[PDB]
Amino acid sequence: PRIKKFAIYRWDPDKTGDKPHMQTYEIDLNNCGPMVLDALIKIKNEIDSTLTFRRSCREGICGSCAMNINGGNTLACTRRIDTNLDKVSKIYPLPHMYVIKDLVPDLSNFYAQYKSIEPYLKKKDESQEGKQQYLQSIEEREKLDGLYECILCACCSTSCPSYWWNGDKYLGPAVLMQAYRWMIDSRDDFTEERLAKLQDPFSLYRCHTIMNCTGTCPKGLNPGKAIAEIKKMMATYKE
């Protein structure tokens, strides 16, 4: 016998004139996994099956279960429940997002912005591709460490106040870091023109180094450092 309380953000689009409210659930942690998702599925399975969330891997990769737990954007399948019974876990959907239902946000814009930077290898002549493996030294490859691991959970971009006030025109850390990923990839021949896409007030320059992105990343990555590294390239690249 060991009960923990969960306050969860709830909204039904199918119910007439229902507006957002918090609903509390109680869980015996002895009959539960260590993580928040374990509890989320537990209440979904045993208490209230009206609870709606995204999940898949229960492993910390896919990036489905991205949500605001106790004030910080992380992954429910990676974050363990605070065993402190006296405290009450507050579960919210990712900040400043259009809520489809309960904890399920509309990530369409986020995805679309990722499409706008062209996250694929680009050569000046792709007339020889699919027959030889491109050469990249161990050092040229280590530049991608800390960048490629990104899982597109959108925890960081949703922690950035710049992405709240200007989500429409500002690409956000997640997307920006991936643009940086393809910038320093030695195999990519489009390094200059990729930087040229950011030549406007909003796309990149809405970053003010608030560092909520790097602080919240459930994968331990450093998106802000990459943004600052972009800014330096933006200021130094010739022609």
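Each residue number is its position in the shown sequence, starting from 1.
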property	result
Of 7-15 and 218-226, the one with larger mean CA B-factor	7-15
Higher-scoring stretch by recorded Cα B factor average, 83-91 or 108-116	83-91
Highest recorded Cα temperature factor - choice among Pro173, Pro34, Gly60, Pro201	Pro34
Among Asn45, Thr209, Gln178, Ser64 - the residue whose C-alpha B-factor is largest in the record	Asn45
Assigned third (lowest, middle, highest) for the C-alpha B factor of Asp168	middle
Within-chain third of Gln136 by Cα B-factor, per the entry	middle
For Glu149, the third of its chain into which the C-alpha B factor falls	lowest
Cα B factor band for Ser162 (lowest, middle or highest third within the chain)	lowest
Relative C-alpha B-factor of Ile69, binned into the chain's lowest, middle or highest third	middle
